Amino acid sequence: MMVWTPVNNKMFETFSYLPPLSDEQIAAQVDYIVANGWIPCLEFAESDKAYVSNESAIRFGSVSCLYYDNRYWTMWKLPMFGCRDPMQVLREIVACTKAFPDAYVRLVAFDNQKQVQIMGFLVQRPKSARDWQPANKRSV
Amino acid sequence: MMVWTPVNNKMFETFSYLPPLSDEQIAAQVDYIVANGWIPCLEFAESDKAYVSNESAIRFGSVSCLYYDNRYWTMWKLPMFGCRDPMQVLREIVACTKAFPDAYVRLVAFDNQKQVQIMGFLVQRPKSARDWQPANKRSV
Amino acid sequence: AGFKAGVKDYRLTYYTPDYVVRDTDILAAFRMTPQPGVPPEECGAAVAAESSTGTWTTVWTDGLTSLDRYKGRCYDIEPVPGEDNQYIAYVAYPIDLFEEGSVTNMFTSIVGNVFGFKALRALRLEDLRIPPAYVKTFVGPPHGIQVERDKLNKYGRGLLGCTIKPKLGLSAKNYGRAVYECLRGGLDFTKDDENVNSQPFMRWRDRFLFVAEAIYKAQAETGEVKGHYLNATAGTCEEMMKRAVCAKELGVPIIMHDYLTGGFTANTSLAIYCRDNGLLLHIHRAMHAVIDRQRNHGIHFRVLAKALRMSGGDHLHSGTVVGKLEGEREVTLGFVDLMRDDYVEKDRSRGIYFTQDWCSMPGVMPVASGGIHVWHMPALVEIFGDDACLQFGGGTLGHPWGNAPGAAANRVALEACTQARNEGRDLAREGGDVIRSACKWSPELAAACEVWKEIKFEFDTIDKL
Amino acid sequence: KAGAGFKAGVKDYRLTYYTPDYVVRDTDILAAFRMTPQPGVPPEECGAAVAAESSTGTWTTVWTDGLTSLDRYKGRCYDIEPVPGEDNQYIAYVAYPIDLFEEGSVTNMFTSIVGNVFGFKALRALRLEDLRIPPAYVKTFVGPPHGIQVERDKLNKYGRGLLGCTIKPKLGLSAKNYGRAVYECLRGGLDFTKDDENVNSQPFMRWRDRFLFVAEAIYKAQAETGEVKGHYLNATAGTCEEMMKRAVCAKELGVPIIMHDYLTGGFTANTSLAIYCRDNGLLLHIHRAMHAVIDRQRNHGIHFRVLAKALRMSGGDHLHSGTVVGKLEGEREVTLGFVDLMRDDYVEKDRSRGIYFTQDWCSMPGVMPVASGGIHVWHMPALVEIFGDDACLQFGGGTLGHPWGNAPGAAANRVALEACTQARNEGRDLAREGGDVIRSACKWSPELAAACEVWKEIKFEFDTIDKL
Amino acid sequence: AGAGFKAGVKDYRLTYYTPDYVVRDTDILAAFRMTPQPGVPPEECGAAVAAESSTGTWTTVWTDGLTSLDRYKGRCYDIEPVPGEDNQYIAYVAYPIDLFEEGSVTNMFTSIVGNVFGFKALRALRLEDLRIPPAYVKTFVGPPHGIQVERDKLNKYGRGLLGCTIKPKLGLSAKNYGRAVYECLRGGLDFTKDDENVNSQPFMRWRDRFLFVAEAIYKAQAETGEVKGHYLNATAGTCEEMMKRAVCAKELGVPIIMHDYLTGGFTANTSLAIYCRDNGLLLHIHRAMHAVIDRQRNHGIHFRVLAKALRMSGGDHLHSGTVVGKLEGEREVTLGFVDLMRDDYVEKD
Amino acid sequence: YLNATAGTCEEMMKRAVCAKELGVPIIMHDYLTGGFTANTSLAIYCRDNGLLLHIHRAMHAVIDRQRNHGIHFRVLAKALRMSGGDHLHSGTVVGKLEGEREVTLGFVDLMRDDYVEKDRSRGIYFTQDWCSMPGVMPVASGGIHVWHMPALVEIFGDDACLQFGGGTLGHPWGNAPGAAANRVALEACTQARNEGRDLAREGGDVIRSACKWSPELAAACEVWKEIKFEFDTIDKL
Amino acid sequence: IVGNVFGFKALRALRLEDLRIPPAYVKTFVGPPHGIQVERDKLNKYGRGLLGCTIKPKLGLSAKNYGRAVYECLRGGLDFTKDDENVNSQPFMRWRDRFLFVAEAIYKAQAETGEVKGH
Ligand SMILES: O=C(O)[C@@](O)(COP(=O)(O)O)[C@H](O)[C@H](O)COP(=O)(O)O
Ligand SMILES: O=C(O)[C@@](O)(COP(=O)(O)O)[C@H](O)[C@H](O)COP(=O)(O)O
Ligand SMILES: O=C(O)[C@@](O)(COP(=O)(O)O)[C@H](O)[C@H](O)COP(=O)(O)O
Ligand SMILES: [Mg+2]
Ligand SMILES: [Mg+2]
Ligand SMILES: [Mg+2]
Ligand SMILES: [Mg+2]
């Protein structure tokens, strides 16, 4: 019987429970975006603005329901409207992480029909971060 | 496309989006104050009280609308009523910054007819500050 | 021209085969089984009459108004393939007959008394065409799929839920304890069982508070937004509202309501409260099978689903197809579309009798729950896609290592199937392989797979097209 | 060393939920399920599954059971009796500890007992035939706003069944024409008239306009006849806020009674309304709209007797009971059975009438049965014989369908009722002398004679679906 | 790749002029009498009107890509020439039902006539008509009662109703007002009314007036044996004051009140109409200020649109002009909008 | 500015209450389409709960465009000042919507000042004494971009809010860069004026100088350099 | 006691010098919200008189300038500052604006000095 550790085991939504995605698996996800005609876009945030928090609620009456700070991240340039080339996306991931090596970066895609983010996963985590565990250390 | 950085890019209201003001440009702003017969005044604050915050709202009911801590700074001596000599203003800037070398210091001017501050900009930021960017690094 | 007392055939007034339906008419498809000797036309006319403007004998008052304007009309009758005494009677109802925004009123007319008529042996309402002009009179769901995902900041995969067990008997603190362990392992939500309201072994306010501590502890620990559908279902509206208010005051994200056992009137009020206060509303369909299980009599779930979308609900259980409760694949895919989409074309192969235009009313998140486990993940993702919430109650608290490991196992199975699909893999064919591969690096999943590997639910389907 | 611990995995429900030697407690809620298992599924297992998934268990073993006491909370299938001459049908009896239910909540009770079990793949059909509501649980409900005795006392009406009438056409009439029809009906001898179940608030007639005109009609008819009159103003609405606004208006108008469709409106809303009526002195007529969608078939659903008990608990001064002889189905024995369950304080078990459990209402007010639907003057003898004086007999088409209009139509029904009541009181057998009583009354009642002539040939006789 | 974001200005016509578009039965339609500036093509001007009254602005914004403009954009689908004018056109615009807030006339007007009338590119603009689809009509509570119900409550049938505005407009005391009202009503008039500008003033406070008017109403009714009424003005500076006056009328048991829907406003009017429905009060609507908007042929909003808007916001009565009186009202136009405010279905004419 | 404009006063208030409960600083209301009765109530609520109230003049042109019939905007502006509003759109003069300079400068004074003397050359027919009633912040919005900044600052001075919708979300690099370009242009012009430079004549040079160190502004200037709105004025004195 | 008697023609002048309020009547009054002891206990101030100060000019200052003066006064050692008796709500300064700015001032001075402050 293994115990799921509650210490330094932060997650990051979709795919964060799978082993770190290889560049080949990331390329596959990108092809998925293009194959479906979705709009690629990158977002990033410094460590202190990475996970949901409740700081702003100090200014609220009884209306904190479904309100959290840090859900919004910073947009990298603009959504890649029209983009039909997976290589363009992969290069922007590099451009973004190059500009902000010490920030969390996630790749997302928008569907303008349902008008909602249709996919997304973390592509970069600050190398100095130690608030998460590798697949082999999630349970003890 | 250049990306406006969200990291350590704090601003300070009027003129903070321009290149740092030279002593000549600062003197010109002072002449502007005197030429219009406005009342010069210096204000300062330690780093921890330089930017607006919500700390006191913890004591509030649902009345935080337009209430923020740290808007008020500390007055250096008194407003220079009757000042018609810009040199006088420049000397107080030197005296204030000398007395509080590690504090944020801003120059403002009052209009007693409309009874409101009619101008103002930062004249000193502690050398220890690492939450701002030089003009050429506001975007990457 | 004048009033003539006495009884006459309903068909003389209510069977109008040449009527051209209007785009504002509410249409109904009834699976009708007449008593021997009763012409299908007369039976269909009786249904239309007694669910709209007529009664058993001629009344003089008809002359004060315009029956042509208000009468329901049986405008078409088709024999049911393979049935000697079964027909699909189509009835058109003018929009003027319904109270704006009241599902209660719509049901009162259409299914109020006609199902008990001696002249018929059985009757089942298969579908309803809700016209845009009527859809627009409803507030509808508090938020809907897109807004829900935006508030939770969750995208790219199905959501994961879990019903706490045992159903009843747990104390408030033990409930919160179970919830915390469940959520911390990877599940997005946990929930009160449908029958968990307020009882001697656990009063509601005690549960709400401990669950709140659990939600926030799990959220802080994982870094992902968490929730637990706190049950507002109650004996009175006053009690229902007190519970919703408490959830609001605790700042929690979601509550639930058993719309059928609580009732449409109470449900609509709660949905409106949730819209005005920002609470997600999970809808449990308790009691639905009492009404929608049999093919010959009752109301098909697709109608109960449309009704809920109108009354209001962010989530609605849709069945699992492969779980412990019945749910034939084709009709399920049919009403799932009716629940989520803006426009669904007529498709009899899926039980969709009328083209349905939702005119932008928010879509409802389908919830697959009941007797499912890790080995069902491939099929579940294949059937529902990302816009659904898959819940594993026993499938989580039944894991040999506890709630957290059980939650991680389901979260892992889901993400592995989601990844595989995105890569172009055929879940219907490679499902097993995807799960087995995940087992190689996930001991939590491996443990779950071994426990339920031989468990499946395959029985003859009662609710067949 | 090691006692009973946690063992992950699936095992038969019967190992925990089938307890044939269990002795039911007097506080247990009992349920009689007519179940039809799928081929290969033992009745013991199917029965155990029903009890399990309607109380404390799920499809696989959960460790949390060990934190509490399953023996104390689990539902129990304690007896299974085969059904003669039927296709793989059994009556499975389940006992539920009182601890499993929220006090005064019919919604909660139904949620557990009929929440999910009807959809299990392991069974082909399921029907809840009866429920034994123990006094200890009955006492947690406010119950009916008033009840039969109080109602009669407030209306000052005794010695005969009450007379009602649904306004027609069902929909399409304006507020003023509604009031017009109501006044004409009431002034002729009817005690009540009512909004059709689907008459709420619509473009052709908004509710508040109807309430006002009906109030004028009620007071005019009462002043004219010298007998207390009423009209069930429908409070059924899309939301509780609208429902309450309508009840408040009736209160402010000083009118005696309102109505509510408890199933389409819902138990949560109905209970709130019943409580409001108790606290504000309003009589509450309950319409069972939608009930047949649930209680018509013998193999699946919930029998009306259970739906009737539920309403009595949730709250209602009146409740439609069927007519037996009218346009809607209602077998005599079954009907007489739930009528007793609706009105009486104590009803002994009697399978010849579909009464599976002895029911003790522990002084909860009795509900007035309402016979309505396709009945006319010739049916009066049968109706009086079946229901007795404690009931309300309604004639919608049977009044507004009279060749001379509403007032004469109302008089014809009132005359028929009083003549039948007098005959019975004198010792005559209504079941045998009914026609003679009616024909005799026709000699001095032109109104009744006209009604008799128009509907003499009309009868409703079909094969009964809901047979015992 | 595919369609991308290109910063910069481009003609509105490229996105908002769709001459082949087939209007949907749920679309709200507008007919604009448009007078473009010289050098501005009619289609571009019509496109600008459609764009700036729905989803677009003066330059290309990247955010359009996040949603679907095809689904939300307003469309100028037809440009008709105006006989006797070589620089005036009727531009037709279709607005998807999704663009409007249910039951809000205020919102409908904010989009359709919010900003386009001030564009430099056009010299004049007038909204002539609006096609309100049944799907949108159903989102409104509508008038508190309506013609049939009003007659049924007053028990008056077979003839037009008779009213009368007390005079002088302003300057009369509360008691003298009630004095004139009683004398008017007792002679055969069904109603009398506060002048549109009679609200609450130094020479006569509203509550004093309401009370004396009530005495006059009841005295006249008892004397004649016919139901009587006087439109007590609820028009006020704030909604709180408006409701206080409506509440007083309710408490006095009087039959009718009035409201100046344009000077008071649609938001206030809708709230009052809803109050009247839930409390059984008839609501007379005065159209004060309408001529400021609907008098000129080249610019503004025709009264027929202002009438449809009021029917939606809610009103039991609405002034329609007299044709033959002191105020303007062309016969054919008047007959047309009278049908639009009274009937259930009105054919294009 | 979160919009409180609604179909009924009840809905309008529910929206203002939510803004209050969230602790946010400002809401808006379309005073003409919503109406004066509803607006006055909203302004009073804002005074009593500390919310700033931005007023949008939607529909005003339906009434104030033509010289021969209607109500001139200056009267609609006085009415709003009385009813209540912290901000009020005043037009831009140089933007996509009409607004003749002299007429505009006139009602801007009527909106902000405590005392305005009769001046027919600006359409001011009567001397207006506001007797200390608070001034309303004029809002210049509609079809304006970075190149208009010099003229806007020269026309309105510091007491005004300049709005760039398309002028921000239309920037080739996005909203943040678009915002920076406008903020830079504004501060550059403000600094130049304070230094004594004539914005009516040196405006273009001020902007070009700022472009040298502001790539954000440079990109904005390139896209809209040739965009101007010059048409015959309908609302002439 | 002082309702009408001071205006009687029969007298030329009248002045109420004192009143004996008996305990039986005193007990019928709620009295002061707190009192000296409670006040000192809530402020946590003992051993010296309290120090206050009326802001000036009496009238004419804006809400923010009022808070500005208050902060500067309190931070220097004063326990309290106060609105002048005639400072209620006026065109030059509406009450709610003043209350908000003064609150910022009270909290800033208290945080700065470590002593409880009030206005
Ligand atoms: O009570 C139960 O059985 C559940 O909590 C599931 O438990 P498990 O997860 O342990 O199976 C759900 O309510 C059912 O899914 C409802 O049925 P449906 O979804 O068909 O409405
Ligand atoms: O809608 C109708 O048909 C009725 O108004 C009767 O009309 P008539 O009097 O004209 O027949 C009643 O609601 C039914 O009796 C209800 O059925 P039940 O009593 O079985 O619930
Ligand atoms: O809808 C619009 O057009 C705007 O949002 C501006 O958009 P841009 O910034 O993209 O032009 C403003 O409401 C107008 O300025 C109103 O006109 P005015 O100020 O004349 O009342
Ligand atoms: Mg459950
Ligand atoms: Mg009925
Ligand atoms: Mg007048
Ligand atoms: Mg003083």
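We count ligands from 1, going down the list as the structure has it; atoms in each ligand are counted the same way. Numbered from 1 within each chain, the chains take letters A, B, ... in sequence-line order.
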Discussion item. Suppose we measure from atom 16 (C) of ligand 2 to each protein heavy atom; which comes out shortest, and what is that distance?
Written reply: D:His287 NE2, 3.6 Å

Discussion item. I want to know if ligand 2 touches D:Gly397 in the polar sense, i.e. an N/O pair below 3.5 angstrom.
Written reply: yes

Worksheet item: Do any N or O atoms from the side chain of D:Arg296 and from the backbone of C:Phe115 form a donor-acceptor pair under 3.5 angstrom?
Response: yes

Fill in: For atom 14 (C) of ligand 2, closest protein heavy-atom neighbour
D:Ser372 OG, 3.9 Å

Response to the item:
Taken in chain and number order and not counting sequence neighbours, the residues that satisfy side chain to side chain donor-acceptor pair (under 3.5 Å) with E:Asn269 are E:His259, E:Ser313

Item to complete: Please write down residue, atom name and distance for the protein heavy atom closest to atom 17 (O) of ligand 2.
Response: D:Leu328 CD1, 3.5 Å

Worksheet item: Near the Mg ion (ligand 5), which protein N/O/S atoms fall under 2.8 Å?
Response: D:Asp196 OD1, D:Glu197 OE1

Worksheet entry | Atom indices of ligand 2 within 4.0 angstrom of D:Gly373 heavy atoms, with elements | 11 (O), 15 (O)

Worksheet item: Should D:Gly374 be counted as touching ligand 2, given the test is an N or O pair under 3.5 Å?
Response: yes

Discussion item. Quick check against the 3.5 Å criterion: does D:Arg312 have a side-chain atom that pairs as donor or acceptor with the backbone of D:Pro144?
Written reply: no

Worksheet entry | Passing candidate, side chain to side chain donor-acceptor pair (under 3.5 Å) with C:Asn105, options D:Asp261, D:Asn200, D:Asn234, D:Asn198 | D:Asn200

Discussion item. Counting only heavy atoms closer than 4.0 Å, does ligand 2 sit against the backbone of D:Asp196, its side chain, both, or neither?
Written reply: side chain

Worksheet item: What are the atoms of ligand 2, with element, lying closer than 4.0 Å to any heavy atom of C:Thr55?
Response: 7 (O), 8 (P), 10 (O), 11 (O)

Worksheet, complete the sentence: Residue, atom and distance of the protein heavy atom nearest atom 1 (O) of ligand 2 read D:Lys170 NZ, 2.8 Å

Worksheet item: Which residue and non-hydrogen atom of the protein lie closest to atom 9 (O) of ligand 2, and at what distance in Å?
Response: D:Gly396 N, 2.8 Å

Worksheet item: Would you find a donor on one side and an acceptor on the other, under 3.5 Å apart, between the side chain of C:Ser52 and the backbone of C:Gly72?
Response: yes

Worksheet item: What is the nearest protein non-hydrogen atom to atom 3 (O) of ligand 2, stated with its residue, atom name and distance?
Response: D:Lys327 NZ, 3.0 Å

Practice prompt. Could you list the atoms of ligand 2 found under 4.0 angstrom from a heavy atom of C:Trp56?
Written response: 10 (O), 11 (O)

Worksheet, complete the sentence: If you scan protein heavy atoms around atom 5 (O) of ligand 2, the nearest is D:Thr166 OG1, 2.7 Å

Discussion item. Within a 6.0 Å radius of atom NZ on D:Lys456, are there more than 12 heavy atoms belonging to other residues, nucleotides or ligands?
Written reply: no

Worksheet, complete the sentence: Taking only non-hydrogen atoms of D:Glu197 and a 4.0 Å limit, the atoms of ligand 2 in range are 1 (O), 13 (O)

Worksheet item: Below 4.5 Å, heavy atoms only, C-beta onward: do D:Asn413 and D:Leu448 meet side chain to side chain?
Response: no

Discussion item. If you apply the rule ring-ring contact (aromatic ring centres under 6.0 Å, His included), what do you find for E:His317 with E:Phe191, and how did you get there?
Written reply: CA-CA 12 Å; E:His317 295 181; E:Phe191 308 115; 5.8 Å; yes

Discussion item. Give me the nearest non-hydrogen protein atom to atom 19 (O) of ligand 2 as residue plus atom name, then the distance to 0.1 Å.
Written reply: D:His320 ND1, 2.9 Å

Worksheet item: With distance as the sole criterion, is a donor-acceptor pair present between the side chains of D:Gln394 and D:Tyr232 under 3.5 Å?
Response: yes

Discussion item. For ligand 2 and D:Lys194, I'd like to know whether there is a polar contact (N/O to N/O, distance under 3.5 Å).
Written reply: no

Discussion item. Against the six-membered ring of C:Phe30, is C:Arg124 placed for a cation-pi contact (under 6.0 Å from the centre, within 45° of the normal)?
Written reply: no

Item to complete: Number the atoms of ligand 2 from 1 as they appear, then name those within less than 4.0 Å of a heavy atom of C:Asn113, with their elements.
Response: 1 (O), 2 (C), 3 (O), 13 (O), 16 (C)

Discussion item. Is it the case that over 12 heavy atoms from other parts of the model lie below 6.0 angstrom from the NZ atom of D:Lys467?
Written reply: yes

Worksheet item: Does D:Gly398 have a heavy atom less than 4.0 Å from any atom of ligand 2?
Response: no

Discussion item. Would D:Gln394 count as being in polar contact with ligand 2, using the rule that some N or O on each side must be under 3.5 angstrom apart?
Written reply: no

Practice prompt. Could you tell me whether the side chain of C:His297 and the main chain of D:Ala292 form a donor-acceptor pair under 3.5 Å?
Written response: yes

Discussion item. Any side-chain to backbone donor/acceptor pair from D:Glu184 onto D:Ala407? Under 3.5 Å, distance only.
Written reply: no

Item to complete: Pull out every atom of ligand 2 sitting under 4.0 Å from any heavy atom of C:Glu50, numbered as shown with elements.
Response: 3 (O)

Worksheet item: Would a distance-only check, ignoring hydrogens and angles, find a side-chain to backbone donor-acceptor pair under 3.5 Å from C:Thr265 to D:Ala269?
Response: no

Practice prompt. Answer yes or no: does atom NZ of E:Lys167 have more than 12 heavy-atom neighbours from other residues, nucleotides or ligands under 6.0 Å?
Written response: yes

Fill in: Distance under 6.0 Å and angle within 45° of ring axis: D:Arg246 vs D:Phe211
no

